[PDB]
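Enquirer: Experimental structure below, sequence on top.
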Amino acid sequence: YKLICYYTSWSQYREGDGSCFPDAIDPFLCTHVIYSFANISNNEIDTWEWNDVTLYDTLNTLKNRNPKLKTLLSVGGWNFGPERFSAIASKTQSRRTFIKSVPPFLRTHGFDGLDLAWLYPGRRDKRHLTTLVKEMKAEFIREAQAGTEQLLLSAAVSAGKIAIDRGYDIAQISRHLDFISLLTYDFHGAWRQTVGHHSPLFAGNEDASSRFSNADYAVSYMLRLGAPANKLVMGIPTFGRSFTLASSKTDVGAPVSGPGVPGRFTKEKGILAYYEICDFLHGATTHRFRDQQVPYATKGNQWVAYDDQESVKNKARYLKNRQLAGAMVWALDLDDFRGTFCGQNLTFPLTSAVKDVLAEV
Ligand SMILES: CC(=O)N[C@@H]1[C@@H](O)[C@H](O[C@@H]2O[C@H](CO)[C@@H](O[C@H]3O[C@H](CO)[C@@H](O[C@@H]4O[C@H](CO)[C@@H](O[C@@H]5O[C@H](CO)[C@@H](O[C@@H]6O[C@H](CO)[C@@H](O)[C@H](O)[C@H]6NC(C)=O)[C@H](O)[C@H]5NC(C)=O)[C@H](O)[C@H]4NC(C)=O)[C@H](O)[C@H]3NC(C)=O)[C@H](O)[C@H]2NC(C)=O)[C@@H](CO)O[C@@H]1O
Ligand SMILES: *[C@@H]1O[C@H](CO)[C@@H](O[C@H]2O[C@H](CO)[C@@H](O)[C@H](O)[C@H]2NC(C)=O)[C@H](O)[C@H]1NC(C)=O
């Protein structure tokens, strides 16, 4: 089983304990660590933060302690403009240019592969995304002839029924990608004025219409479209999405007035790190959707959909039972990486819980 873990560039800037650098990562925790996010300039892959070359270096030195550890660099990301990816891929010349620039870049900075986080391709992009993946893999196959270990190529894909149908030719890209990470966590949001869990495992017989917004549907659907389970990796959240209630109502369907107040460390409305949640819980009322098998908490006019050790182990058993290649955790720097926020002195509680179940039979 594979355990793919994402580490974000911008987390180094968070004040106090929220501050997190590559060296805080347990070299034996994950099988694959992915640095997010590289950038694209003059149609070439490039750094993003000013000190990336330094952090790249710090991250890849983890491989000195754990020789089996693999690292990848991800291009794209939610804030990277999709149109940008789009213009690059639609033109053979600009696409070949971006492709030819990757290997050298990775080799120099000691990465073992590239991760395409094109988010998200439109109806007019499906064909070119297939092209990008095919040609990028062909380049990696070629570059290996020089004697070095072949580079890995993965991709982060939406778990949204409509998003999948719209811009991905799953059957095609699966045969060229080493593993596909299913983003099975932003199923609900705060774009909709109602309370809901973003990463439910199962549907939940109550109030429906969605039926497609849960991990079990996404996995099954992907398997149906032609993706081998031995290449599918399921995404497990390490952050929660918050809401500001519009009424004293707390149960399913409750009215929402907008995102949640920012966390002291992550400073972003609508998002909370697991370590901020651990502090949030004190004095909060905790609940759990039995059908969906996930928890949520409420304090004041604040409502939080999150994942705890239990929900996470539960999702881990799930992918094992369906025989998937493994789990994908977003992100190591939102987990209790210091292990001084969530009680039981343990570094990376959530990611660890995943690792134990996978380590099990
Ligand atoms: C919210 C929503 O609806 N969107 C979701 C998507 O998130 C979701 O995408 C997938 O799943 C992940 C979680 O859902 C997703 O989220 C993450 O993506 C974006 C980036 O793509 C992250 O954006 C952060 O936002 C930060 C603000 O909160 C921002 O911080 C600023 O960062 C800059 C540098 O990075 C700092 O500047 C530096 O400042 C110092 C001094 O302070 C200087 O010394 C430096 O020189 C400065 N200069 C620079 C530019 O380097 C700055 O201090 C800092 N401060 C501020 C103003 O707050 C980050 O820059 C930015 N990151 C980027 C690259 O833009 C989100 O926060 C992430 N969300 C969470 C939660 O983690 C991923 O994109 C995606 N994952 C995968 C697998 O790809 C999708 C479903 O896919 O659904 C929705 O769209
Ligand atoms: C990532 O690369 C992009 C593309 O090269 C950079 O985008 C900008 O580049 C110029 C310098 O800021 C701007 O004048 C361009 O208008 C703008 N390009 C586009 C299409 O928006 C960007 O600077 C890089 N990002 C970081 C964080 O370094």
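Expert: Happy to help now that I have it. Numbers count the residues shown, from 1 in each chain. Ligands and ions are numbered 1, 2, ... in the order given.

Enquirer: Could you use CA atoms for every contact and neighbour count after this?
Expert: Will do.

Enquirer: For burial, what's the neighbour tally of the closest residue to ligand 2 within the chain?
Expert: Closest approach between the chain and ligand 2, counting by CA to the nearest ligand atom: residue 41, at 3.2 Å. Residues lying near residue 41 (other CA atoms under 10 Å) number 10.

Enquirer: do the same with residue 243
Expert: 27.

Enquirer: try residue 35
Expert: For residue 35, using other CA under 10 Å, the count is 24.

Enquirer: So the residue of the chain closest to ligand 2 versus residue 98, what's the distance?
Expert: 9 Å (CA to CA, to the nearest Å).

Enquirer: my read: residue 331 touches residue 238, true?
Expert: Yes. Counting by CA atoms under 8 Å, residue 238 is a contact partner of residue 331 at 6.0 Å.

Enquirer: Beta-bridge partners for the residue of the chain closest to ligand 2, please?
Expert: residue 44 (DSSP bridges).

Enquirer: May I see the buried residues of the helix or strand encompassing residue 357?
Expert: In this structure, residue 357 is located in helix 349-359 according to DSSP states H and E. Residues 349-355, 357-358 are the ones in helix 349-359 that count as buried (16 or more other CA atoms under 10 Å).

Enquirer: Contact partners for residue 96?
Expert: residue 135 (CA atoms under 8 Å, 6 or more residues apart in numbering).

Enquirer: Quickly find the element holding it.
Expert: Going by DSSP H and E, residue 96 is in helix 92-108.

Enquirer: likewise residue 34?
Expert: strand 32-41.

Enquirer: contacting residues around that strand?
Expert: For strand 32-41, the external contacting residues (CA under 8 Å, 6+ apart) are 2-9, 45-48, 56, 69-77, 115.

Enquirer: ok so, going back, next, format the buried residues of helix 349-359 as JSON lines and append distance to residue 209.
Expert: Listed next are the buried residues of helix 349-359 as JSON lines, based on distance: CA to CA, whole Å:
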{"residue": "349", "distance to residue 209": "34"}
{"residue": "350", "distance to residue 209": "31"}
{"residue": "351", "distance to residue 209": "32"}
{"residue": "352", "distance to residue 209": "35"}
{"residue": "353", "distance to residue 209": "32"}
{"residue": "354", "distance to residue 209": "31"}
{"residue": "355", "distance to residue 209": "34"}
{"residue": "357", "distance to residue 209": "33"}
{"residue": "358", "distance to residue 209": "33"}
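
Enquirer: And those, which is closest to residue 244?
Expert: Nearest to residue 244 among these: residue 350, at 25.3 Å, using CA to CA.

Enquirer: In this structure that closest one contacts residue 337, no?
Expert: No. Here residue 350 does not reach residue 337: they are 9.6 Å apart, not a contact under CA under 8 Å.

Enquirer: gap between the closest residue to ligand 1 within the stretch 251-361 of the chain and residue 172?
Expert: Nearest residue of the stretch 251-361 of the chain to ligand 1: residue 268, at 4.9 Å (CA to the nearest ligand atom). Distance, residue 268 to residue 172, using CA to CA: 37 Å.

Enquirer: more crowded one of the two?
Expert: Per other CA under 10 Å, whichever of residue 268 and residue 172 has more neighbours is residue 172, with 17 against 13.

Enquirer: tell me which element the more buried one is part of?
Expert: helix 170-174.

Enquirer: list the helices and strands that helix packs on?
Expert: helix 126-143, helix 215-225 (3 or more CA pairs under 8 Å, 6 or more residues apart in numbering; DSSP states H and E).

Enquirer: what about residue 93, how many residues close to it?
Expert: When neighbours are counted by other CA under 10 Å, residue 93 comes out with 12.

Enquirer: ok now do it, which residues does it touch?
Expert: Counted by CA under 8 Å, 6+ apart, residue 93 has zero contacts.

Enquirer: Now do it against residue 70, distance only.
Expert: 31 Å.

Enquirer: and if you look at residue 17?
Expert: Distance from residue 17 to residue 70, by CA to CA: 27 Å.

Enquirer: Same question for residue 318.
Expert: 25 Å.

Enquirer: more neighbours, those two?
Expert: residue 70 (21 against 16).

Enquirer: which parts of the stretch 201-350 of the chain sit against ligand 1?
Expert: 268, 271 (CA under 6 Å from any ligand atom).

Enquirer: Okay, helices next: where are they in the stretch 201-350 of the chain?
Expert: Under the criterion DSSP state H, counting those that start in this stretch, helices of the stretch 201-350 of the chain are mapped to 215-225, 274-281, 309-321, 349-359.

Enquirer: Now render these as TSV, adding distance to ligand 2.
Expert: Output for these, formatted as TSV (distance: least, CA to the nearest ligand atom, whole Å):
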stretch	distance to ligand 2
helix 215-225	32
helix 274-281	27
helix 309-321	33
helix 349-359	29
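
Enquirer: Sounds good, over and out.
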